[PDB]
Every structure is written in C-alpha cells, then in structure tokens.
Amino acid sequence: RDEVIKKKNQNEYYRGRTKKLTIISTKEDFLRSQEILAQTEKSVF
Amino acid sequence: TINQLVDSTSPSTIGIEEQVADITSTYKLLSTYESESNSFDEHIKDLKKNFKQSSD
C-alpha cells in the first residue's frame, strides 16, 4: 500500500513530464525572422 | 492487498491474472485452514460432550 501511494505520486509526475514541458519559441522565432527578413544586404555593403 | 493491487497495477500492463489466481488459491487455502480449525473446535465440543456423558 505504501508503494501504491508512492507510485500514485509518480503518476503525478504527470506534472513531471507535463508541467515541465517546445514550440512557443519556434512559432515566435519564425515571426521574429519573418519580420526581420523584410528589415534586411551584404551585396549593398 | 486487493485495493492496493487495483491502485498500483498499470491498466496498460497485463499479467495480473497469475497474481490473482495465486492469491485466490492462497485465500481458499487460508479459508480452508480456518474452516478446519472451526470444525476442529466443533468436533472438540461434541467430543467433550460425548466423553463427559460416557465417563459420567
């Protein structure tokens, strides 16, 4: 029963792989570069 | 043990049938032992009654 309680806690590593976790930067970084792509040339330099 | 067996066993993992069958046989054996002791006590009572009646 004690190990049952422990393993229920380990299922609450639900937050263990869920809360800790990818694309928020990925979605925005595209917008950062896409906006900055129009901003920017080495040929001109 | 039943409650914690439900609590812990991963529903995605199979292989508890042997655990349950073994504990089933175990508990039947234990109930058999209890019943043996119960009938032993009943036989003791009846034996004591008959022995007292015959001795007296």
# chains A, B, ... in the order shown; residues from 1 in each chain; ligands from 1

$ closest_atom_pairs --of "chain B" --to "chain A" --cutoff "7 Å" --atoms "only C-alpha atoms" --output "Markdown table"
| residue | atom | partner | partner_atom | distance |
| --- | --- | --- | --- | --- |
| B:4 | CA | A:1 | CA | 5.3 |
| B:7 | CA | A:4 | CA | 6.2 |
| B:8 | CA | A:4 | CA | 5.2 |

$ atom_distance --atom1 "atom CA of residue B:36" --atom2 "atom CA of residue B:22"
20.6 Å

$ atom_distance --atom1 "atom CA of residue A:10" --atom2 "atom CA of residue B:9"
13.0 Å

$ select_by_dssp --residues "chain B" --states "helix (DSSP H, G or I)" --output "number ranges by chain"
B: 2-8, 17-55

$ atom_distance --atom1 "atom CA of residue A:36" --atom2 "atom CA of residue A:24"
18.1 Å
